[PDB]
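Undergrad: Chains as they are written, first to last, in the authors' numbering: chain B, 536 to 594; chain P, 9 to 64; chain S, 2 to 334, 353 to 512; chain V, 2 to 38, 46 to 67, 72 to 262, 269 to 347; chain L, 260 to 345; chain H, 321 to 384; chain R, 239 to 328, 336 to 476; chain G, 769 to 788, 818 to 831.
In this text, a Cβ means the ideal position worked out from N, Cα and C, and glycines have one as well.
Shown below is the structure under consideration.
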Amino acid sequence: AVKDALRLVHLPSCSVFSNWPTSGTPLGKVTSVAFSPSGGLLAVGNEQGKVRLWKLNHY
Amino acid sequence: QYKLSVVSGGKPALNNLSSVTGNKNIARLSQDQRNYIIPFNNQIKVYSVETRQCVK
Amino acid sequence: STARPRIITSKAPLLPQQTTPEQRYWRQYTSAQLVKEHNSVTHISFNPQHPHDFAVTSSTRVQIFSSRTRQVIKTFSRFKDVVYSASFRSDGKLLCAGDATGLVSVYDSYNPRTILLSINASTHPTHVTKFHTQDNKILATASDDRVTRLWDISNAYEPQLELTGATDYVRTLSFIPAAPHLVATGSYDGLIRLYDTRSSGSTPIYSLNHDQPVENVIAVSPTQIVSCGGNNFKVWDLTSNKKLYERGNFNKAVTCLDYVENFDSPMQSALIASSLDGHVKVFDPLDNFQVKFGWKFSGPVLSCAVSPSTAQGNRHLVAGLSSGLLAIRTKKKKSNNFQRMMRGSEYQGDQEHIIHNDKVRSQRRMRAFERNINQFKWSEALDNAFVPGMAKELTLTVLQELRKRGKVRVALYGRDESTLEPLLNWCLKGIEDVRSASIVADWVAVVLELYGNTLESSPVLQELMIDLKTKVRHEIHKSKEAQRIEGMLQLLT
Amino acid sequence: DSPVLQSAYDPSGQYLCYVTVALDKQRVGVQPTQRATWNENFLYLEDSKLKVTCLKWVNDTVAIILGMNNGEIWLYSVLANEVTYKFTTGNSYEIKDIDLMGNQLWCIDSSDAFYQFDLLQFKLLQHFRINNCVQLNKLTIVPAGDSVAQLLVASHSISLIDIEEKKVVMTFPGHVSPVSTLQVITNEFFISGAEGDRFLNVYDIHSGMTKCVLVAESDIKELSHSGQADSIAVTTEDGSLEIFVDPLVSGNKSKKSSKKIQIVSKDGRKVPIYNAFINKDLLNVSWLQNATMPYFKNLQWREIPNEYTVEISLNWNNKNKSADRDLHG
Amino acid sequence: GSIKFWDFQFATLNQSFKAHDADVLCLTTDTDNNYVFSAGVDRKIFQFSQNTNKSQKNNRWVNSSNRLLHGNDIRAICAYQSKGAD
Amino acid sequence: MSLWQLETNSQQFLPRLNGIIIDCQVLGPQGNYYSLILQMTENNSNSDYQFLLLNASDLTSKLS
Amino acid sequence: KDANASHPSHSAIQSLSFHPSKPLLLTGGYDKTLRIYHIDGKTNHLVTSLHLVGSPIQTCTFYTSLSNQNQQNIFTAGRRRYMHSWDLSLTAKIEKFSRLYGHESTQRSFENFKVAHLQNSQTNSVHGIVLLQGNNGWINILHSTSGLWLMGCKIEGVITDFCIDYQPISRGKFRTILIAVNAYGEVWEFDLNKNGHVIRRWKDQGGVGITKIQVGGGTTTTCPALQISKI
Amino acid sequence: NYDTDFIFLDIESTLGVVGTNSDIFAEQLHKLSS
RNA sequence: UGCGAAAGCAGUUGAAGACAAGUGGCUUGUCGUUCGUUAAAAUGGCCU
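This is the structure:
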């Protein structure tokens, strides 16, 4: 509905990560999201037609 | 110099028995079900369900 | 599994005088306008370039009509005597008009107030004035002086060429459409003369003997030209100096011709001809100048024209009558946020590797009888036959589909007096026609086979059976007397 | 840029080993270069940051040695799907190049160390390092039979090394950038080519003198030479292939390419060639048809024209014609 | 015309049958609820059965049968079942 | 060829199969094909059978 | 690198799914095409790309069966009365599901589907089900290979979303639970390895306009199990 | 038929006519990758 | 059924046995029975 509206909430602690996404993450108007089953890897598709890709270095 | 041959196939020829309802279809699928083995009255045709061609 | 076959509408063997494609196209020229002029409409030309306006020469005025409103946009009234000819230049930029005092006056089109130059031709009336069709700056005027003149419109004092040689009343010019040195002129002694303009010009190179006094000569090909005069028109091959067709399909003298090429039509070319008895006819130059369509008008038609080859809009056939009136028949022709949300719906697969297509085509809507025959509602299909707004071939095809398909009796089982009267009341009308009467025969035979007791009870279908009896009596007298005519011309073999 | 990170043929050019990334982990696969004689199972590197830095076909259980970036040479059989043996140095330094002669594996380290292993004994035989060779990223064994004397090591500047004395016996002027191919052509010549330049040079391994310079018309990625020095096919950065035919004859000091091959599709899209293989009269080129799956082509390179444009059939707008349905749907 | 069976606890549908062609005015059952009979303005009487042991252990009615006996409608239906009357 | 959903007694049809169905059976492990024998009885002078399996997904004649 | 940066999309990207095993990412949107990208770090290239004409897609899912893990179907669907199923074979053989086997009135659009695994529970034979969210409260569950309507589960209210939970039972047997939410906040759980019967009905504490439920921490439809013992 | 043959149709419809290291690695890899 | 033309022209329609119903027989009717002759109906209709 609005731009850049994505949060990653850690759990069991139920606390939102406060360092990502920042004000300069090109998330766009987030209209889909997907997690990789093995790589630890987000894909975030927005209304402009762009899948942006991030890797979580814990995995 | 003239010779006779039979070159082209015939009818499929299922089980022509009475007193068998249901399974009179003697054609089979493969286990890796990519080709379909049907008998004829002249031969065994083996079609392929992917390409609809007779392969053997 | 397949799709369901559509119910095929019963077509009989074709009767004579079917609707040809040529006459379907020429019959959709309709919505006639009749404009009463002050005198007989003698000439009518069209603008070539934006081919969308036409000039009508009545007496002592020339009116340009528009081809979208059919009202007079502009008018030229400052002639002293009867204006005779008025044609547009090939660029459509200016308009020449020959006048009964032998004063050719050329204005510019779409500006009646600026007379551009007044060529003072012969003291006799000048009856035909037209620019060259290849060249732009030469104007050919023939007059009642038995001599045509080619005028350069720069030097408008002496004619640059003086084509004499004709013995009586030259009334038509024409130019040959590929060789620009070649002027074919036509006079009231017959004898289409034609001149090479690089030569002397006081002698034609040859002459074509139309026997009647010609009224018009037009050029169809670069090779063949058509001259009308008298009750016929003739066509002449020009490379071989020789006549090759003549059509005399009129009662009175053919007054004018014109010709169309390459326009949107089943006919690739069309010559139409106007003939002082009411008729304008269209002839097809590709099958031997055979007539394909015609119009009859309310008096003797003096001149005619059609919209030119590149008309691109509302298309016109105009005919001006000697009665003093003008007949035109035309054929006509959410949010930026929401769009950004629903962006992709117009893409149609350009950069994409594989392109899949299994959207089925949407077929024509099924009528109620066809979907009832599909749903096996056979009595409801008969009921849907006998509604009033049904075509006669549609009632016939649902009767024939119920006859071939299942059972007349199934379609007729649960009926009584009030629900049989549509069938028999249509069978009265269908017994007259040849194509229906076999089906009407067996349907009436079945319904009197299985409703012979309702015949006794209800008196208000007894009278329907009696009317049907007199109908079959008239039809059997007709089918007997047709066999008598068949024998009486079998005798004459 | 290409998804195929590393790739090499076996000798005789019958199989191609190739390392590509698969969703943050390296995977090593082997494809036959002609099917007329898919292979859908890979070796998977299980760590997200362990990656292959070099690879070499051994010659007879057939295997690959994959030089990793943690001081290990994995030895991986291809018919089975496990690393059969894990050579390790004493360090964590990434290894820049390996080679083998017979059963004697040699390798270079990012700390400019030389290690020797024995494939028949699975043991680290020697470890040393030599002076004034400090940025090494290629080694090549100069062949003298079963004797594995004379390594040939590059650091932007090729140096010939006697291993009995562990010392440098010749010094070749290399390039202005790190050497990316360093291969022995004959028993007296070796070719070398650097990163980001389009100039190979062939040196005389007995004198130090450069015999000739070979000039590609784009920056060279890989090279292959036919086994008798008669032809050298290099593959460049713009996806083209350039064949120098008989480069070791008397276009006297620097020779251009004799033949140039590129591949276009039926559309006009130019696919890139990576990593071809040449032999006597036979040339096998490789590309990627879909995103990461290698396709091959054999060519009689002696009878093609000079500027040859291979055409491949590739899906661009083709209507999905299903075999169970006619064209009208 | 649809006839639906709803689990009382959880208050929710188990299965729906599309039985009649118009309204279902009246429906009834027997003593041990092995049958449910139903009827309405389309003038057929439908019977929904659960008599099989698998039907009773799976809670699955089947649309067993259907009879056309009435002339115009059925506005009332009832059932009696005793030792000498069913 | 009708197939009766035995829960709700609900037919799904396949209506114009150029022959009467004298044998039909499911075929696959998951039942993804139907094999049919169609007797094509407009000619009474011969018993001419068409063998037609078809995939159960879109009910299209795979390999007639 | 942005995954669809190699080949741009002509619409908003409406759905997005990774492969269960391969390094593939399937994107798809209202420009009625669906694209597969081999993803890695550097160069996310385009594997293949299929443009279904006249069928804008809204949900697209990699399905991979549990028996042989060799099918690799892609199920895709939008605001249409059909749903396509591409069988991955590296021409392209896709089939179309367009028959609700008697239940077309309660399913007028195939938009919101989810794909899941189901066990026969008299054999140890699993098969994929697609689950369609319909009008009244209905979820129509149907076979992912034959398209036969297996069962239906009706909740009471405005169905807004649903998810699939699995729970293991023994060696090689698991049980599939459909979890469907009203708009108001009350949640039904249906056991559907038997007939689609309710086992639990609870209520969300707070929550009045409910758009999306999801489970996680085990095998969801977006983290799928490749092997039946890994459920 | 129009090229000097004669076709005939049997009553059981048979149409007849009257006329005028690396090798073992390759084998085991095509085994183990199929 | 045979010969025919699409009209028509010649030929008909027996026996055995078993079973069912009705009143061991008698009557009637059937036959996934045989020999001889060239010889209307279970509310039940067509996909997306």
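Under 8 Å: do the stretch 408 to 416 of chain R and the stretch 382 to 393 of chain R share three or more Cβ pairs, one atom per stretch?
TA: no
Undergrad: Hey, quick one: how far does the alpha helix (DSSP H) through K382(H) stretch, first residue to last?
TA: Neither: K382(H) is in no alpha helix (DSSP H) and is coded neither H nor E.
Undergrad: DSSP on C446(S), reduced to helix/strand/coil?
TA: Note: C446(S) maps to helix in three-state DSSP.
Undergrad: Counting along the chain, where does the beta strand (DSSP E) carrying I206(S) start and finish?
TA: Here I206(S) belongs to no beta strand (DSSP E), and DSSP marks it neither H nor E.
Undergrad: Would you verify that the beta carbon of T361(H) is, or is not, closer than 8 Å to some beta carbon of chain L?
TA: No, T361(H) does not count as interfacial toward chain L.
Undergrad: Looking at the structure shown, is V432(R) part of a helix, part of a strand, or coil, going by DSSP?
TA: strand
Undergrad: Assign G99(S) to buried or exposed, taking buried as 16 or more other Cβ atoms, counted over all protein chains shown, within 10 Å of its Cβ.
TA: buried
Undergrad: Could you tell me whether the stretch 137 to 145 of chain V touches the stretch 117 to 129 of chain V, using the rule of 3 or more Cβ pairs below 8 Å?
TA: yes
Undergrad: Using a Cβ cut-off of 8 Å (strictly closer), state whether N376(S) contacts chain V.
TA: yes
Undergrad: What's the gap between the Cα of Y10(P) and the Cα of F48(P)?
TA: 28 Å
Undergrad: Does the distance from the CB of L480(S) to the CB of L439(S) come in under 8 Å?
TA: A contact, by the Cβ cut-off of 8 Å.
Undergrad: Which residues, taken in chain order from the stretch 271 to 298 of chain L, show a beta carbon closer than 8 Å to some beta carbon of chain H?
TA: Cβ contacts with chain H come from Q274, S275, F276, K277.
Undergrad: Looking only at its own chain, which residues have a Cβ that is under 6 Å from the Cβ of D285(V), when we skip the five neighbours before and after it?
TA: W334
Undergrad: Residues of chain H with CB closer than 8 Å to the CB of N322(L), please, in chain order.
TA: Residues of chain H whose Cβ lies closer than 8 Å to the Cβ of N322(L) are, in chain order, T328, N329.
Undergrad: Quick check on DSSP: helix, strand or coil for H496(S)?
TA: helix
Undergrad: Taking contact to mean 3 or more Cβ pairs, one atom from each stretch, closer than 8 Å, check whether the stretch 288 to 306 of chain R and the stretch 351 to 370 of chain R are in contact.
TA: yes
Undergrad: For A228(V), I'd like the list of residues in its chain whose CB is within less than 6 Å of its CB, leaving aside the five on either flank, ordered along the chain.
TA: Here the set comprises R210, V246, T248, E254.
Undergrad: Pull up the distance between the alpha-carbon of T21(V) and that of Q27(V), whole angstroms please.
TA: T21(V) and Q27(V) have their alpha carbons spaced roughly 6 Å apart.
Undergrad: For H248(R), is the classification buried or exposed, using 16 other Cβ atoms within 10 angstroms of its Cβ as the cut-off for buried?
TA: buried
Undergrad: Taking all protein chains shown into account, do 16 or more other C-beta atoms lie within 10 angstroms of the C-beta of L783(G), making it buried, or fewer, making it exposed?
TA: exposed
Undergrad: In whole angstroms, give me the CA-to-CA distance for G299(L) and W265(L).
TA: 20 Å
Undergrad: Which class does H827(G) belong to by DSSP, given the choice of helix, strand or coil?
TA: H827(G) sits in a helix when the DSSP states are folded into three classes.
Undergrad: Can you find a CB in chain B that lies within less than 8 Å of the CB of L24(V)?
TA: yes
Undergrad: Between which two residues does the alpha helix (DSSP H) containing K439(R) stretch?
TA: It is not in any alpha helix (DSSP H) - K439(R) carries neither H nor E in the DSSP assignment.
Undergrad: Between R326(L) and chain R, is any beta-carbon pair separated by less than 8 Å?
TA: No, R326(L) lies away from the interface with chain R (no Cβ there is under 8 Å from its Cβ).
Undergrad: I need the boundaries of the beta strand (DSSP E) containing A306(S), first residue and last residue.
TA: 302 to 307
Undergrad: What does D2(V) touch in chain R if you count any residue whose Cβ is under 7 Å from its own?
TA: The contacting residues are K280, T281.
Undergrad: Out of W324(H), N329(H), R336(H), which one is the CA nearest neighbour of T380(H)?
TA: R336(H)
Undergrad: What in chain R is Cβ-close to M361(S), meaning under 7 Å?
TA: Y268
Undergrad: Find out if the Cβ-Cβ distance for the pair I444(R), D436(R) is shorter than 8 Å.
TA: yes
Undergrad: Would a check of beta-carbon distances place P335(H) closer than 8 Å to chain S?
TA: yes
Undergrad: Output needed for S272(V): all residues of its chain with C-beta closer than 6 Å, excluding positions within five of it in sequence on either side, in chain order.
TA: These residues qualify, in order along the chain: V225, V227.
Undergrad: Among all the DSSP beta bridges, which residues are the ones paired with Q128(V)?
TA: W118(V), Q138(V)
Undergrad: So, at 6 Å on beta carbons, what are the nonlocal neighbours of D773(G) in its own chain, with the 5 sequence-adjacent residues on each side left out?
TA: Closer than 6 Å at Cβ, skipping near neighbours: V785, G787.
Undergrad: Runs of 3 residues minimum, wholly inside the stretch 94 to 167 of chain S: which ones carry the beta strand (DSSP E) assignment?
TA: 95 to 100, 104 to 109, 112 to 121, 127 to 132, 139 to 144, 149 to 153, 162 to 164
Undergrad: Closer than 9 Å, Cβ to any Cβ of chain R: which residues of the stretch 305 to 329 of chain V, in chain order?
TA: Residues passing the 9 Å Cβ filter: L306, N308, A309, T310, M311.
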